[PDB]
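Note: ideal-geometry Cβ built from the backbone for every residue, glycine included; neighbour counts use all protein chains shown. No value in this document is a laboratory result; all are computed from the given coordinates.
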């Protein structure tokens with residue numbers, strides 16, 4: 001429901017016109033980008 | 001649709017060719033080129 005809300009906000013009139021002028025790249029990520037968490041463990045182990 | 005020029009930014013939802021800064025230029029060149037051809041064929045009368 002949170003992510004759905006983030007997707008609609010891109011569909012707002014304000015961000016629609018922004019897309020008409022130029023392609024809009026939106027980061028809806030929760031800061032997973034600067035994450036130093038090692039996926040070799042905390043992902044695999046999670047899956048395991 | 002949109003065009004950015006030297007000092008100016010022109011945006012139209014339909015077309016820039018229908019924007020006056022362009023349209024006038026297009027219209028002027030179209031006619032000037034057509035008459036030049038008419039002049040090359042000599043079809044232009046001296047007393048027009």
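Structural remarks
- In the stretch B:6-15, the residue that is nearest to the chain's Cα centre (by Cα) out of those that are in a loop (DSSP other than H, G, I, E, B) and surrounded by 10 or more Cβ atoms within 10 Å (Cβ to Cβ) is B:15.
- Filtered residues of the stretch B:16-48 (kept if part of a loop (DSSP other than H, G, I, E, B), more than 14 Å from chain A (Cβ to nearest Cβ) and within 30 Å of residue A:20 (Cβ to Cβ)): B:17, B:18, B:19
- Of the helices (runs of 4 or more DSSP H) lying entirely inside chain A, those carrying at least 1 residues that are surrounded by 10 or more Cβ atoms within 10 Å (Cβ to Cβ) and within 14 Å of another protein chain (Cβ to nearest Cβ) are A:13-21.
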